[PDB]
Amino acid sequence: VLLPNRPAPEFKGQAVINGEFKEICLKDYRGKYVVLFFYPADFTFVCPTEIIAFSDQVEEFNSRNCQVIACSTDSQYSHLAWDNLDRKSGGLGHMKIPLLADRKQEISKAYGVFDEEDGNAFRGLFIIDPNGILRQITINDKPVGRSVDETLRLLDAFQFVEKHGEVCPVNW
């Protein structure tokens, strides 16, 4: 049962970072906020636009001490090819955020974003606080994408509370 006040599910797996394979886990990221967002498939249409947007804006999350990780049920071998593929040919260009592979479906299932019809995940966005605890849960229907600006907004409010202890109003 996925709720904001509880420890986030541990994810572990193989990711593509700077054109190489590295093995990452949620516990590595302690001390930082983590934005973990799922997309349905590699070589899709709406999906690359999101990953590219977050990558181009990665420094916004870096300055905010947040690590953005993009997970999908494709293999690391697709993640790599898709990264090696230039944006004109339909590829990802080269990405500044890790692309995490769930070939086991374990990660998409643990976060409850897994779709039994497709075999691939919905689009979740989960903001995990530095202590490994879930904060925000966003799940979008596949046709409709997310907002880098709203993720930045939320990220800023949660940080505002962990520091000030005042609680954040609407439209913040």
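All residue numbers are counted from 1 along the displayed sequence.
*Asks:* Taking the mean of the C-alpha B-factors per stretch from the entry, tell me the winner out of 79-87 and 98-106.
*Replies:* For C-alpha atoms only, the mean B-factor is higher in 79-87.
*Asks:* Which is higher on average in the deposited entry, the C-alpha temperature factors of 43-51 or of 138-146?
*Replies:* According to the PDB entry, the answer is 43-51.
*Asks:* What third of its chain, lowest, middle or highest, does the C-alpha temperature factor of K22 fall into?
*Replies:* Highest third.
*Asks:* Rank-wise, by C-alpha B-factor, drop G132 into the lowest, middle or highest third of its chain.
*Replies:* Tercile = highest for this residue's CA B-factor.
*Asks:* Hey, what third does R153 fall into on Cα B-factor, ranked over its chain?
*Replies:* As the PDB entry reports it, the C-alpha B-factor of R153 lands in the lowest third of its chain.
*Asks:* Which third of the chain does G119 land in by C-alpha B-factor: lowest, middle or highest?
*Replies:* Ranked within chain, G119 CA B lands in the middle tercile.
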